[PDB]
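The structure under discussion appears below in the form of C-alpha cells.
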Amino acid sequence: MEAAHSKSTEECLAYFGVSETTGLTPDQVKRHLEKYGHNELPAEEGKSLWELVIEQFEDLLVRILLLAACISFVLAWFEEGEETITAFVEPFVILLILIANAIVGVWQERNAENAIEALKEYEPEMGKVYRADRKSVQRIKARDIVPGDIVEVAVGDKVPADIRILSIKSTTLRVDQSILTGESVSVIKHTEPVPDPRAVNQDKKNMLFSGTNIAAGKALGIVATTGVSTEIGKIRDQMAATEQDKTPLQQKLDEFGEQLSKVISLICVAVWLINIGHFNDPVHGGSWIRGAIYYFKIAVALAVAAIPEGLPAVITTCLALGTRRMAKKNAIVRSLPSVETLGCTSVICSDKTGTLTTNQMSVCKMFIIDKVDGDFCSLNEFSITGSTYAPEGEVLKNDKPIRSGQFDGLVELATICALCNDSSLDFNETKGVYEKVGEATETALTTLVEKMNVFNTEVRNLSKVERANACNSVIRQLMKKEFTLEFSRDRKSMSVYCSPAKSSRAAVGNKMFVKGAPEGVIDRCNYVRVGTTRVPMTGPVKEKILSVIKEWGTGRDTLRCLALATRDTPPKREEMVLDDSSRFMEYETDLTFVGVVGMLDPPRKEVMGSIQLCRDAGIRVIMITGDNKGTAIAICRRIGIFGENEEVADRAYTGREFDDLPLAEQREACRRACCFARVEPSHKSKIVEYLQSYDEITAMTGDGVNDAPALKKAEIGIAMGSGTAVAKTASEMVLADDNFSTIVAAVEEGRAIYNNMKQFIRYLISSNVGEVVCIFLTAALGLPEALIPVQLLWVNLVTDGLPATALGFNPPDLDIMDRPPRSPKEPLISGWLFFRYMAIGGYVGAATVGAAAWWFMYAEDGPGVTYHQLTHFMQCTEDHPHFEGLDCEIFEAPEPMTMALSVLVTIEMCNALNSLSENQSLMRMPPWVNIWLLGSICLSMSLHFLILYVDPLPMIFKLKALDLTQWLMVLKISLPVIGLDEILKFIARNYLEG
Ligand SMILES: C/C=C(/C)C(=O)O[C@H]1C(C)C2[C@H]([C@@H]1OC(=O)CCCCCCC)[C@@](C)(OC(C)=O)C[C@H](OC(=O)CCCc1ccc(O)c(CCCCCCNC(=O)OC(C)(C)C)c1)[C@@]1(O)[C@H]2OC(=O)[C@@]1(C)O
Ligand SMILES: [K+]
Ligand SMILES: [Mg+2]
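Mapping of the sequence shown onto the deposited numbering: position 715 corresponds to residue 715, and the numbering continues sequentially without gaps.
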C-alpha cells in the first residue's frame, strides 16, 4: 500500500515487485494477503439479544423497579388465600412496564441503521484481476484483491480497491467520483504521476478510488491500497472513532437517576430513625412478620412513587408529534432525541451552492474591449436578461436592447461559449421547462448563446424542444471540435482545438478556444481582440480589464467571472501530447483575450430573512463555499453574514490561510470567522472540534460520503435530501429542499418543542415528589396505606399522562427567536422553582395522607377513631380490649384510599393548569388558553370515575366509589393548591428578581 499518486508507474511495479504482464504470482498473493489483510471494511460489531436486553435492564431506575417488582412478587406470594386473589397484579404490572420498556429499546435498535454500514453499499462483490496462475483475466471476489496485483476495470464497474492507473486501454477514461469528492460530472484520468505528495483526492488524476464508478472507458492498474487503508476506509475509521455525547436531557435523566437513588435511600434511613422507639418495645414477635411485611410493601410503594413511569412515554410521543410537524416543513428528523439538541444550536455551518443559493446559474454581464489607442481604452459592457436556463431574454448596452450580431467581438465570444462548453440544454415536454444538461456554469454559457444568436439565424417558428440547442449547434457545425484539454486546478481553465471543416474557411484554419479564471488566463495573454483586429496586450488595457473583473466579483453583484480568450496560432497538432494535464497549461499560452462573462448564482428567497432570524436568535452562521474569499466575502455581505461596510479581517479565512496558522490562532479564528472559502475535506472536521472547544452546539451540512466524518462529529449533522445515502444515515436531520432556511425553521420548532416539553416534565416530576411525601408520612406516622402501588402507576401513566402530553401543545412564546440559545447545562428545576415544588409536594403529601385519615376519624361513613391511635392499628385484634371497641378490619377499607387517590387525582389536574406557565398567573394566562389541556382533564376525570364504578376495576385498585359529600371534601382539599401556587408565583413575579 502506498502514496502511489505521486509515484510513477514503474516505481509502483517496483515497490510491489510485480510484473505488469503476469500480475502477482500465486505465492505473492498468499504473502501479500497475510500482510495486508482482506480488501474489505471491518466486520460489524457483534451485539446479541441477550446483551441488548441486559442493556435495557442497566438503567439505575429500571433496576430499582425490577427489584421492587420482586419484593412485590414475594409479598403477594404471602397474602391470605381468598382474602385476596388480585394479590399478583401489583408485581405483574411492574413487570409489564419493564417488559414493555425492554421490548421498546430492542425494537428501537433493530430498526436502527449504522452510518458505517451504509459504506458497505460501495463495495463491489466481484473484481477483475490478472495473475500469474492464468493467461486470461479472472473475475474474483473483491474481498480477495490484494495491494499490488494487477486489475482491469471498465464501464459500469464499481471500483474495488484504491488503484494507481498503469495504462488506459481506451481512447479516454471517465470516472464518477461524485460521492468521494463532490464533482457531479465524470472526470478524466491520466497515467502520469502527480508531483505533490500531500495532494487532495480531487487532484490525484492518476487515481481510482474504491466505490466510485467508471463512467466511460476501460483501463488497467496496480492496487495502491485495499481495505481500511483506501480513501473510503480512512473515512470509515474517522467515523468509527467518532463518539457522540448524549442529549442534554438524556444526560439530565441519568443525573436524576443517580440522585433519586440517593434520596430514596436517605428516606429509608430517616424512616427507620423515626420509628426508633420500637427498640424500646416488649421483646416478643407480636407481628414480627406483620411489621416487616408492612415496611417492604411501603418500600415498593415508595419506589413507584419516586419514578415517573410515564415521562419517557410522554417525551417520546411529544417528539414524534413535533417531528411530523416538521416533516411538513421539509425538515426530516431522523433521531427524535435530537429535536432538543437542535434547539440549542449556537453555530450553523452551511455549504453555499445547493443550500444557500439556487445553484441555478445565469450570465448577466459581458464585456469585450472596444478600443486601445495607447493609454486610451474603452470597453463594451453588456447585461443579459433572464435567470432561468431558458432561451429567453435580451442583450442590452445601457439598458437599451441590442441585436448581438452587430458587434464582431461578441460573435467570437459567443462561439467560444458554445465550443469550449461540454454541457448543453434539453427541454422536457412533461414539465414544460428548460433543463441543465451538463454543469451549472457551462450549461449557462449554453443559454447565453441561445439568447444572443449572433447571426440572427431565425428560430422563432420552432418548438421549444429543438429551440433548446439551436444557436449552439449552429456554431457547432461551423468549426469541427478536434479535441479538448480538460480542466485542471493548476491552470484553472480548459480549452478546445478546432478545425474549419468545409473549405473557403481553410485560411486561419486551426484555432484554440480558452476559458478559465481571469487572473489565470489573462496573465497568459499577449494580445487582445478589438473587433476582428488584434493588438499587443498592454499594461493600461490589462489594469482596466482586471479592474472591472473586481467590481463584478466584489461589488453588490457578487458575480463569478469567466475569461474567454483564443490562441490564434495554436501549436501544430502533432506537436501536442493530449494526455498530461501538466503540459496543457503550456499549450494555452500566447493568447489574445477576447472578453469576460459574468454569471450569477442567486441566493434563495427565504435565505436573507433566515440569516436575519439567526441574528436575533443569537446563532452564528458560518458559510462554507468554493468561491475565492474575495467574492466569498461579497456573497456573505449580500445575504447578511456581513454588513455592507463591516470589517472582515479576522472573520474570513481560506483553506490555506487557515492551515498556515499555528493550532492556537487556528482555534482563535474559529470563534469569530464566518466565511470559509475553498475549504478542503479535513477542514470541516477541524472547524467542528474547535467550535466544540468553545462549548458550542454546532450544525454541519454535507452531501457526500466525504462529509460523513464531519457530519457525525457535529452536534447536529444536516444532510441534503439530494445527497448520498451514507451522508443521510450519518446526519440527525435531512433537508428535502436542501434549502438552508429549512434549517432555521427546524431550530425554531426545537425551541418551541423544548419549551412545552420543559413544562410537562416539571409537572410530572412535582407529582412524583408529592406522592413520595405521602408515602413518607404514611410510614413516618405508621398509618394505613393511603395510596397503593397499583393506583399510583395508573395516576402516573394515565391520569397524569393525558394532561402531560397536552401540555406539550402549549402556545409557543412570540419571542422564542429573540432570545439567545439555551444553555445545555441549564437544570430543569432549581432555585425558587425547586422550592415551589418542594412546597407543592409538601402539600399534596399532606392532602393525600390527611384525606384518608379524615375518613377514619371525623367522617360520618367512617368510625371516628378520632384523636386516638389510628396509628397503632396493626396491634389491634389483640389489644382490642384496650382502645379498640370496634372491628380491626376498617383499616383495610377502600373508602380511605379512594379518598386520597381522589384528592391526588384532582390536585394533579389543578397542578396541570398551574403548569401552563412557569410564572404567569392563571388570572392572566387562563386555562382555556390550551384547549387540549382542558379536554384531557375531562378524559382523565371520567377515566378516574371508570375505575371507581365499572365493576371489575374497583376491586383490583381497592377503590370504592364515594358519595356526593365525600367528593366535596376532596375539593375542599385539592383546590387550595391553585391558590398556593398563585401566591408562590406572585412572589417570583414581584420580589425575587424577575
Ligand atoms: C423525585 C422524587 C423525590 C422524592 C426526590 O427527592 O426527587 C429529588 C431529585 C432526584 C431531584 C430533586 C428532588 O429533591 C427533593 O425532592 C427533596 C425533597 C425530599 C422530600 C422527602 C420527604 C418527603 C428535584 C426533583 O426536586 C424538586 C422540588 O423538583 C429537583 C430536580 O429535578 C429535576 O430537575 C427534574 C428535571 C430533569 C429531568 C429531565 C428528564 C427526565 O426524564 C427526568 C426524570 C425521569 C427519569 C426517568 C424516569 C421515568 N421512567 C424510567 O426511568 O423508566 C421507566 C420509563 C419507568 C421504565 C428528569 C433535581 O434536583 C432532582 O435531582 C436532580 O439531579 C435534579 C437537578 O434534576
Ligand atoms: K453526530
Ligand atoms: Mg460537498
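C-beta: ideal position from N, C-alpha, C; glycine also.
DSSP-derived helix/strand/coil call for residue i
i, result
"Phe-57", "coil"
"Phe-382", "strand"
"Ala-418", "helix"
"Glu-192", "coil"
"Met-923", "coil"
"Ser-261", "helix"
"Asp-707", "helix"
"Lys-958", "coil"
"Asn-114", "coil"
"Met-720", "strand"
"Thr-589", "coil"
"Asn-213", "strand"
"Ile-145", "coil"
"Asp-408", "helix"
"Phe-92", "helix"
"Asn-330", "coil"
"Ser-167", "strand"
Any non-hydrogen atom of ligand 3 closer than 8 angstroms to residue i Cβ
i, result
"residue 1001", "Shown here, the chain extends from 1 to 994; a query on residue 1001 therefore has no answer."
"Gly-702", "yes"
Contact under 9 angstroms by Cβ, residue i with residue j
i, j, result
"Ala-563", "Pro-518", "yes"
"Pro-391", "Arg-460", "no"
"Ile-116", "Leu-356", "no"
"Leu-119", "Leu-180", "no"
"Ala-736", "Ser-610", "no"
"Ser-917", "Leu-600", "no"
"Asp-144", "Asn-213", "no"
"residue 997", "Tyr-130", "Given a span of 1 to 994 for the chain in the structure shown, any question on residue 997 remains unanswerable."
"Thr-242", "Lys-972", "no"
"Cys-561", "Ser-495", "no"
"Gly-553", "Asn-628", "yes"
"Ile-150", "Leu-166", "yes"
"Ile-235", "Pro-536", "no"
"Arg-164", "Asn-201", "no"
"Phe-891", "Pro-784", "yes"
Start and end residues, alpha helix (DSSP H) containing residue i
i, result
"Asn-756", "740-780"
"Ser-499", "Where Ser-499 is concerned, there is no enclosing alpha helix (DSSP H), although the beta strand (DSSP E) it sits in stretches over 493-499."
"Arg-31", "26-36"
"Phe-455", "Run containing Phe-455: none; DSSP gives neither H nor E here."
"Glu-486", "Taken as a continuous stretch (DSSP letters only), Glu-486 belongs to no alpha helix (DSSP H), being part of the beta strand (DSSP E) at 480-488."
"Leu-980", "976-990"
"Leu-793", "789-794"
"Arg-467", "464-467"
"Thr-353", "353-356"
"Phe-945", "931-949"
"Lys-436", "Run containing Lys-436: none in the alpha helix (DSSP H); it sits in the beta strand (DSSP E), 433-436."
Residue i: CB within 8 angstroms of a non-hydrogen atom of ligand 1
i, result
"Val-773", "yes"
"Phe-92", "no"
"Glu-45", "no"
"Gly-841", "yes"
Residue i Cβ short of 8 angstroms to ligand 2 heavy atom set
i, result
"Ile-697", "no"
"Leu-711", "yes"
"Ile-235", "no"
"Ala-390", "no"
Endpoints, the beta strand (DSSP E) within which residue i is located
i, result
"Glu-860", "Element bounds for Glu-860: n/a, residue is neither H nor E."
"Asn-526", "525-530"
"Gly-221", "218-225"
For a minimum of 3 consecutive residues, which ranges assigned as the beta strand (DSSP E) are wholly contained in the stretch 272-296?
none
Could you tell me which whole alpha helix (DSSP H) segments of length 4 or greater appear in the stretch 640-674?
655-659, 663-670
Please specify which runs of the beta strand (DSSP E), each continuous and at least 3 residues long, are wholly inside the stretch 536-610, giving them in chain order.
560-567, 591-600
Suppose only complete runs of 4+ residues qualify. What are the alpha helix (DSSP H) ranges in the stretch 819-873, listed by chain order?
Within the stretch 819-873, the complete alpha helix (DSSP H) runs of at least 4 residues are 831-856.
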